[PDB]
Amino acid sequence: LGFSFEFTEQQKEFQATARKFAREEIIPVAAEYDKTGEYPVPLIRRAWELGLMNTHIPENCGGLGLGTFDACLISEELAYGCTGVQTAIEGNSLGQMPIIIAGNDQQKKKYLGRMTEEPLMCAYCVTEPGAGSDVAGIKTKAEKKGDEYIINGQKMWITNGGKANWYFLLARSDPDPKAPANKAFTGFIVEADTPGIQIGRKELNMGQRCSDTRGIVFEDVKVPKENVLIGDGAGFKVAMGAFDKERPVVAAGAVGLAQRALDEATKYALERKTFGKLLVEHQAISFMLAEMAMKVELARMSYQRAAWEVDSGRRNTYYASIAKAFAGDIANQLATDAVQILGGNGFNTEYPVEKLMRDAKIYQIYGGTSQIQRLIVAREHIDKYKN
């Protein structure tokens, strides 16, 4: 009772670990990995050791059993170093989410347990080239055959896609088009090393070059019915819950990038003199940093509220979509203003800012696009007044 914006000593220490790891271990090689686009294997092994990686995996699976407010708290620190790296680590949590909320005891121990005693990666396969935002459209067929299922399809833009040990899979189990979204799909947990899973090439994208984003083909994949999460048909709902829980940490990724641009821009404004006055002395510039500070702040508090809402055990769809919407948006506003203050240098590859601009954009695309976030928020807002 009574509002409180105070972290608990443990949370404070996690923050200390992540922050140091980002500043002294990530930022130097962030640009190296940006250019080469090479997978951050060294970094993820470290992140794993420092215990900043499968932070949700329950304690009884050898995990830290940390909450969501904690994940966001960390992700914002890792993001300040490099979103391309943070996304990679975050992939595991997004993929582990379905098994964490909805898996049974035997499933939790078999798949979350491995991730704890071995730095393995996993991916969350839902998006199809045919449709990403409208989840209820996916065509990946899952034909029930005996005591197993035959998956059939193709996925697109999957994080850690070609580096996962196993995947979360959402497929259409009910062959009837008329079937309602709430009982038409099924969520499975399919091991990567399965005959029939053709993994596609790495896509070259504009902003998180070191992440493993790939398309993936499932032609006649067999999946044991034991590897069916809740039941046949409760896939959609399981997927929904996963997003609801994970969107705050994604917002936290935005504020991370936002912070970095706020820091970069300021340090420079404080060093560069232009019409004899320092850059920071020109009201225009000072006002920019003011608003850049105003935005990153509000974004910090939005994800916090969202995570706290979930951990308090309240459906957070409303506050999560608000958080993602705003943070991903402003993360893109701050990034550009940074390269703007840095002038001609900001457009150049040697300065950090340019990369921050390229990275920013996906925060308005993956994890639900900004338009979908609005759509959800209006869906939640009106339902309060409706009747």
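Throughout, we count residues from 1 along the sequence that is shown.
Between the stretches 272-280 and 248-256, it is 272-280 that shows the larger average CA temperature factor.
As recorded in the PDB entry, 45-53 is the stretch of 45-53 and 64-72 with the greater mean C-alpha temperature factor. The PDB entry gives the largest Cα B-factor of the residues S173, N165, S312, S211 to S173. Taking only the listed residues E264, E148, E203, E90, the entry reports the highest CA temperature factor at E148. Per the deposited record, the Cα B-factor of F185 falls in the middle third when ranked against the other modelled residues of its chain. In the PDB entry, a CA B factor belonging to the lowest third of its chain's modelled residues is recorded for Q371. Residue-level temperature factors show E226 in the highest third of its chain, judged at the C-alpha atom. In the PDB entry, a CA B factor belonging to the highest third of its chain's modelled residues is recorded for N316. In this PDB entry, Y33 carries a Cα temperature factor that places it within the highest third of its chain's modelled residues.
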